[PDB]
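Engineer: A single structure is presented below for examination.
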Amino acid sequence: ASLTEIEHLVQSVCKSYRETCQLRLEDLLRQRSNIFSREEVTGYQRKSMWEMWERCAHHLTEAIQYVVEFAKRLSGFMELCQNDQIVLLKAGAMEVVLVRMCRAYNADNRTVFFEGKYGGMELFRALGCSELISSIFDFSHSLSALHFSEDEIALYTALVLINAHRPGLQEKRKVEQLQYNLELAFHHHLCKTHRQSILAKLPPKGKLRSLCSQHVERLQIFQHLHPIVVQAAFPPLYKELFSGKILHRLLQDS
Ligand SMILES: C[C@H](CCO)N(C)C(=O)CCCN1c2ccccc2N(Cc2ccc(C(O)(C(F)(F)F)C(F)(F)F)cc2)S1(=O)=O
Ligand code: NA
């Protein structure tokens, strides 16, 4: 691939992300003063564990649906075989969400945009997974220190998804070629914008993998306590990705 092709890939990736970003960045910023009162925080802490898990699983499922659309609009993704499309989304969708979440994180007060207002870590105490929540808040805090532009988030999350090392890929070489083109696009954009210094500050890949593992572990603990809640009230796309059909139809329906 030549230079003009790399720059066209940069614009293509940034456009696909803008169309699928779900929450507009300026909308997230304009709401930073809108914070839950102590009474509203107490209301969240008084909710039952299973109610809070269901609500968070619903919110996560909705965000994942936008990551699926990002993948479908991503250059070269729909060219891969269906097995590899599903392998990449199963391993990478949650990792993309984890990176995207930093846009709704306010590092000044350590609050996140959740259900219409900003609140701190204590909002989620009823989940009974404080270590996982604290890890996600720290991860978003680390990403916030990099001051990602929207274009940088686009290119970085494309690479999080297009990972040729995922186990189960049938056409590993094809994914390797697409990953390399995306890496050139990412690094070309950082060089042109004088932002190559962020490369050494990006999180290790085992970090994203560690957070997803924690998520699956806490889910299996909750599912053991409330199996009927998961069966009856968790989104089916959520169960397909994280518990132990939907992705196929999302990819086919376009
Ligand atoms: C990615 C998407 C659009 C891109 O801009 N976006 C901004 C959002 O969806 C908003 C999420 C904002 N939140 C956030 C951002 C930073 C750090 C923490 C948090 N939240 C706490 C939280 C809740 C729930 C969970 C869980 O659901 C999971 F699965 F994600 F870990 C769990 F509790 F079940 F574990 C894990 C942390 S949060 O309130 O969900
Ligand atoms: Na941020």
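The way I read the labels, and the way they are meant: chains A, B, ... in the order of the structure tokens, residue 1 as the first residue of every chain, and ligand 1 as the first ligand shown, with later ones counted on from there.
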Show me a table, sorted first by chain and then by increasing residue number, of the residues of chain A having an atom at most 6 Å from ligand 1, each with its shortest atom pair and the distance in Å to one decimal, counting only C-alpha atoms and all ligand atoms and written as a tab-separated table.
Structural biologist:
```
residue	atom	partner	partner_atom_place_in_ligand_line	distance
A:21	CA	ligand 1	4 (C)	5.8
A:22	CA	ligand 1	3 (C)	5.7
A:23	CA	ligand 1	5 (O)	5.4
A:53	CA	ligand 1	34 (F)	5.8
A:56	CA	ligand 1	27 (O)	4.3
A:57	CA	ligand 1	27 (O)	5.2
A:60	CA	ligand 1	27 (O)	5.5
A:63	CA	ligand 1	9 (O)	5.3
A:97	CA	ligand 1	1 (C)	4.5
A:100	CA	ligand 1	4 (C)	4.1
A:101	CA	ligand 1	1 (C)	3.8
A:102	CA	ligand 1	16 (C)	5.4
A:103	CA	ligand 1	5 (O)	4.8
A:104	CA	ligand 1	7 (C)	4.5
A:105	CA	ligand 1	16 (C)	5.1
A:112	CA	ligand 1	14 (C)	4.9
A:113	CA	ligand 1	12 (C)	4.9
A:114	CA	ligand 1	39 (O)	4.3
A:133	CA	ligand 1	37 (C)	5.2
A:136	CA	ligand 1	17 (C)	5.1
A:137	CA	ligand 1	17 (C)	4.3
A:140	CA	ligand 1	16 (C)	5.4
A:215	CA	ligand 1	31 (F)	5.3
```
Engineer: Take the residues from that selection and write them out as a PDB file, in the first residue's frame, keeping N, CA and C atoms.
Structural biologist:
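Ended up saving to again09.pdb:
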```
ATOM      1  N   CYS A  21     -20.237   6.249  17.069  1.00  0.00           N
ATOM      2  CA  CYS A  21     -19.683   6.591  18.375  1.00  0.00           C
ATOM      3  C   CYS A  21     -20.734   6.580  19.483  1.00  0.00           C
ATOM      4  N   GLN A  22     -22.021   6.489  19.123  1.00  0.00           N
ATOM      5  CA  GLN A  22     -23.149   6.373  20.045  1.00  0.00           C
ATOM      6  C   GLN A  22     -23.412   7.654  20.829  1.00  0.00           C
ATOM      7  N   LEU A  23     -22.461   8.052  21.668  1.00  0.00           N
ATOM      8  CA  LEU A  23     -22.555   9.269  22.462  1.00  0.00           C
ATOM      9  C   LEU A  23     -21.648  10.319  21.839  1.00  0.00           C
ATOM     10  N   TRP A  53     -27.150  -5.196  38.318  1.00  0.00           N
ATOM     11  CA  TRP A  53     -26.497  -6.007  37.294  1.00  0.00           C
ATOM     12  C   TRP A  53     -27.293  -5.998  35.994  1.00  0.00           C
ATOM     13  N   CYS A  56     -26.855  -2.549  34.296  1.00  0.00           N
ATOM     14  CA  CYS A  56     -25.533  -2.400  33.698  1.00  0.00           C
ATOM     15  C   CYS A  56     -25.344  -3.344  32.518  1.00  0.00           C
ATOM     16  N   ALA A  57     -25.909  -4.550  32.588  1.00  0.00           N
ATOM     17  CA  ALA A  57     -25.822  -5.458  31.447  1.00  0.00           C
ATOM     18  C   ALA A  57     -26.598  -4.915  30.252  1.00  0.00           C
ATOM     19  N   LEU A  60     -24.351  -2.084  28.825  1.00  0.00           N
ATOM     20  CA  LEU A  60     -23.220  -2.671  28.120  1.00  0.00           C
ATOM     21  C   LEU A  60     -23.652  -3.256  26.781  1.00  0.00           C
ATOM     22  N   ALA A  63     -24.057  -0.540  24.157  1.00  0.00           N
ATOM     23  CA  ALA A  63     -22.774  -0.044  23.670  1.00  0.00           C
ATOM     24  C   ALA A  63     -22.114  -1.047  22.730  1.00  0.00           C
ATOM     25  N   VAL A  97     -15.300  -1.317  23.972  1.00  0.00           N
ATOM     26  CA  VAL A  97     -16.159  -0.561  24.886  1.00  0.00           C
ATOM     27  C   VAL A  97     -15.334   0.034  26.022  1.00  0.00           C
ATOM     28  N   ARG A 100     -13.593   3.038  24.644  1.00  0.00           N
ATOM     29  CA  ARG A 100     -14.577   4.080  24.364  1.00  0.00           C
ATOM     30  C   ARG A 100     -15.106   4.723  25.646  1.00  0.00           C
ATOM     31  N   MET A 101     -15.144   3.972  26.754  1.00  0.00           N
ATOM     32  CA  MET A 101     -15.708   4.496  28.000  1.00  0.00           C
ATOM     33  C   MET A 101     -14.949   5.713  28.519  1.00  0.00           C
ATOM     34  N   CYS A 102     -13.686   5.895  28.114  1.00  0.00           N
ATOM     35  CA  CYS A 102     -12.920   7.018  28.647  1.00  0.00           C
ATOM     36  C   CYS A 102     -13.498   8.363  28.224  1.00  0.00           C
ATOM     37  N   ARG A 103     -14.264   8.399  27.130  1.00  0.00           N
ATOM     38  CA  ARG A 103     -14.902   9.642  26.707  1.00  0.00           C
ATOM     39  C   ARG A 103     -15.932  10.133  27.721  1.00  0.00           C
ATOM     40  N   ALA A 104     -16.599   9.224  28.426  1.00  0.00           N
ATOM     41  CA  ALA A 104     -17.592   9.593  29.427  1.00  0.00           C
ATOM     42  C   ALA A 104     -17.015   9.669  30.831  1.00  0.00           C
ATOM     43  N   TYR A 105     -15.694   9.646  30.966  1.00  0.00           N
ATOM     44  CA  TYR A 105     -15.037   9.722  32.261  1.00  0.00           C
ATOM     45  C   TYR A 105     -14.481  11.127  32.459  1.00  0.00           C
ATOM     46  N   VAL A 112     -18.302   9.395  36.094  1.00  0.00           N
ATOM     47  CA  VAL A 112     -18.642   8.842  34.792  1.00  0.00           C
ATOM     48  C   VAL A 112     -20.093   9.175  34.473  1.00  0.00           C
ATOM     49  N   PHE A 113     -20.390   9.277  33.180  1.00  0.00           N
ATOM     50  CA  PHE A 113     -21.741   9.571  32.719  1.00  0.00           C
ATOM     51  C   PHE A 113     -22.541   8.278  32.723  1.00  0.00           C
ATOM     52  N   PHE A 114     -23.527   8.193  33.613  1.00  0.00           N
ATOM     53  CA  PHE A 114     -24.323   6.984  33.772  1.00  0.00           C
ATOM     54  C   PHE A 114     -25.773   7.386  33.992  1.00  0.00           C
ATOM     55  N   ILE A 133     -14.874  -2.617  39.320  1.00  0.00           N
ATOM     56  CA  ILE A 133     -15.250  -1.227  39.059  1.00  0.00           C
ATOM     57  C   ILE A 133     -14.044  -0.313  39.230  1.00  0.00           C
ATOM     58  N   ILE A 136     -11.699  -0.515  36.331  1.00  0.00           N
ATOM     59  CA  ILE A 136     -12.183   0.154  35.127  1.00  0.00           C
ATOM     60  C   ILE A 136     -12.048   1.666  35.261  1.00  0.00           C
ATOM     61  N   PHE A 137     -12.349   2.202  36.446  1.00  0.00           N
ATOM     62  CA  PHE A 137     -12.153   3.628  36.690  1.00  0.00           C
ATOM     63  C   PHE A 137     -10.689   4.024  36.529  1.00  0.00           C
ATOM     64  N   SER A 140      -9.786   4.012  32.764  1.00  0.00           N
ATOM     65  CA  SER A 140     -10.278   5.229  32.126  1.00  0.00           C
ATOM     66  C   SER A 140      -9.466   6.440  32.561  1.00  0.00           C
ATOM     67  N   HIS A 215     -14.270  -9.181  34.278  1.00  0.00           N
ATOM     68  CA  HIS A 215     -15.693  -9.033  33.996  1.00  0.00           C
ATOM     69  C   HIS A 215     -16.379 -10.391  33.904  1.00  0.00           C
TER      70      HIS A 215
END
```
Engineer: 12 Å from ligand 2 is the threshold here; counting only C-alpha atoms and all ligand atoms, which polymer residues fall inside it? Answer as a PyMOL selection string.
Structural biologist: chain A and resi 25+28-29+32+98-113+137-150+153
Engineer: Mind checking which residues fall within 12 Å of residue 11 of chain A, counting only C-alpha atoms, ignoring those fewer than 3 positions away in the same chain, and posting them as a list in words?
Structural biologist: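 These residues fall inside the cut-off: residues 4, 5, 6, 7, 8, 14, 15, 16, 17, 18, 74, 75, 150, 151, 152, 154, 155, 182, 185, 186, 188 and 189 of chain A.
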Engineer: Write the residues of the selection above to a file with N, CA and C atoms, as a compact mmCIF listing (two decimals), in the first residue's frame.
Structural biologist:
```txt
# COMPACT_ATOMS: atom_id res chain seq x y z
N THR A 4 -1.02 7.56 -0.30
CA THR A 4 -2.39 8.03 -0.51
C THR A 4 -3.41 7.00 -0.04
N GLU A 5 -3.07 5.71 -0.13
CA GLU A 5 -3.98 4.68 0.35
C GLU A 5 -4.03 4.66 1.88
N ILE A 6 -2.90 4.91 2.54
CA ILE A 6 -2.87 4.94 4.00
C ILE A 6 -3.72 6.09 4.52
N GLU A 7 -3.57 7.27 3.92
CA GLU A 7 -4.34 8.43 4.35
C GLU A 7 -5.83 8.24 4.09
N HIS A 8 -6.19 7.51 3.03
CA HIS A 8 -7.59 7.20 2.78
C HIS A 8 -8.12 6.22 3.82
N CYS A 14 -11.81 6.94 10.69
CA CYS A 14 -12.36 8.03 11.48
C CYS A 14 -13.83 8.28 11.15
N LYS A 15 -14.20 8.14 9.87
CA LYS A 15 -15.61 8.30 9.50
C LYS A 15 -16.46 7.18 10.08
N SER A 16 -15.98 5.94 10.01
CA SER A 16 -16.75 4.82 10.55
C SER A 16 -16.96 4.97 12.05
N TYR A 17 -15.95 5.46 12.76
CA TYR A 17 -16.08 5.68 14.19
C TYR A 17 -17.09 6.79 14.49
N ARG A 18 -17.02 7.90 13.75
CA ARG A 18 -17.94 9.01 14.01
C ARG A 18 -19.39 8.59 13.83
N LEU A 74 -16.05 -1.03 9.10
CA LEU A 74 -14.60 -0.95 9.07
C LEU A 74 -14.06 -1.61 7.81
N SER A 75 -13.17 -0.90 7.11
CA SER A 75 -12.64 -1.38 5.85
C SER A 75 -11.96 -2.74 6.04
N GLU A 150 -10.65 12.44 19.02
CA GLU A 150 -11.63 11.50 18.49
C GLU A 150 -11.03 10.65 17.38
N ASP A 151 -10.21 11.26 16.52
CA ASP A 151 -9.55 10.51 15.46
C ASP A 151 -8.60 9.46 16.04
N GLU A 152 -7.90 9.79 17.13
CA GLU A 152 -7.00 8.83 17.75
C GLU A 152 -7.76 7.65 18.35
N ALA A 154 -10.56 6.53 17.26
CA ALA A 154 -11.02 5.74 16.12
C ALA A 154 -9.96 4.74 15.67
N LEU A 155 -8.74 5.23 15.45
CA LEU A 155 -7.68 4.38 14.92
C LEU A 155 -7.23 3.35 15.95
N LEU A 182 -3.84 -1.08 9.23
CA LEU A 182 -4.37 -0.23 10.29
C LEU A 182 -3.26 0.33 11.18
N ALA A 185 -1.71 3.17 9.27
CA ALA A 185 -2.61 4.31 9.33
C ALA A 185 -2.53 5.02 10.67
N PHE A 186 -2.59 4.25 11.76
CA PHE A 186 -2.49 4.82 13.11
C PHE A 186 -1.18 5.57 13.28
N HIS A 188 0.97 6.60 10.99
CA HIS A 188 1.09 7.74 10.08
C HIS A 188 0.36 8.95 10.62
N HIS A 189 -0.83 8.74 11.19
CA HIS A 189 -1.60 9.85 11.75
C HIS A 189 -0.89 10.47 12.95
```
Engineer: Taking only segment 150-201 of chain A into account, list the residues labelled alpha helix (DSSP H) by DSSP (computed from the backbone), as a PyMOL selection string.
Structural biologist: chain A and resi 150-161+172-192
Engineer: Which one is closest to residue 27 of chain A: A:164, A:199, A:116, A:216? Count only C-alpha atoms.
Structural biologist: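 Ranking A:164, A:199, A:116, A:216 by distance to residue 27 of chain A, first place goes to A:116.
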Engineer: How many Å separate atom CA of residue 127 of chain A from atom CA of residue 52 of chain A?
Structural biologist: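 Taking atom CA of residue 127 of chain A and atom CA of residue 52 of chain A, their separation equals 6.0 Å.
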Engineer: Mind pulling up the distance from atom CA of residue 236 of chain A to atom CA of residue 64 of chain A?
Structural biologist: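 Going from atom CA of residue 64 of chain A over to atom CA of residue 236 of chain A, I get 12.2 Å.
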Engineer: At a cut-off of 10 Å, using only C-alpha atoms, what residues contact residue 166 of chain A? Leave out same-chain residues fewer than 4 positions from it and give the result as a ChimeraX atom specification.
Structural biologist: /A:84,87-88,90-92,161-162,172,175
Engineer: Using only C-alpha atoms for the distances, tell me which of A:126, A:76, A:20, A:81 is nearest to residue 44 of chain A.
Structural biologist: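 Smallest separation from residue 44 of chain A among the options: A:126.
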Engineer: Using only C-alpha atoms, pick whichever of A:115, A:217, A:183, A:176 has the shortest atom-to-atom distance to residue 34 of chain A.
Structural biologist: A:115
Engineer: To test your reading of the structure, identify every residue in segment 17-153 of chain A that backbone DSSP assigns to strand (DSSP E), and report it as a ChimeraX atom specification.
Structural biologist: /A:105-106,111-114,117-119
Engineer: What would the file look like if the residues just selected were written as a CSV table (one decimal), in the first residue's frame with N, CA and C atoms?
Structural biologist:
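Writing done, so here's part-v8.csv:
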```csv
chain,number,residue,atom,x,y,z
A,105,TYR,N,-15.7,9.6,31.0
A,105,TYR,CA,-15.0,9.7,32.3
A,105,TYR,C,-14.5,11.1,32.5
A,106,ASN,N,-14.8,11.7,33.6
A,106,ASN,CA,-14.3,13.1,34.0
A,106,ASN,C,-13.2,12.9,35.0
A,111,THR,N,-15.6,11.0,37.9
A,111,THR,CA,-17.0,10.6,37.7
A,111,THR,C,-17.2,10.2,36.3
A,112,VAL,N,-18.3,9.4,36.1
A,112,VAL,CA,-18.6,8.8,34.8
A,112,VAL,C,-20.1,9.2,34.5
A,113,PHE,N,-20.4,9.3,33.2
A,113,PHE,CA,-21.7,9.6,32.7
A,113,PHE,C,-22.5,8.3,32.7
A,114,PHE,N,-23.5,8.2,33.6
A,114,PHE,CA,-24.3,7.0,33.8
A,114,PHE,C,-25.8,7.4,34.0
A,117,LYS,N,-26.6,11.5,34.3
A,117,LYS,CA,-25.8,12.4,35.1
A,117,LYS,C,-24.4,11.7,35.4
A,118,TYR,N,-23.5,12.5,36.0
A,118,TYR,CA,-22.2,12.0,36.4
A,118,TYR,C,-22.2,11.6,37.8
A,119,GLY,N,-21.5,10.5,38.1
A,119,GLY,CA,-21.4,10.0,39.4
A,119,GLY,C,-20.1,9.2,39.6
```
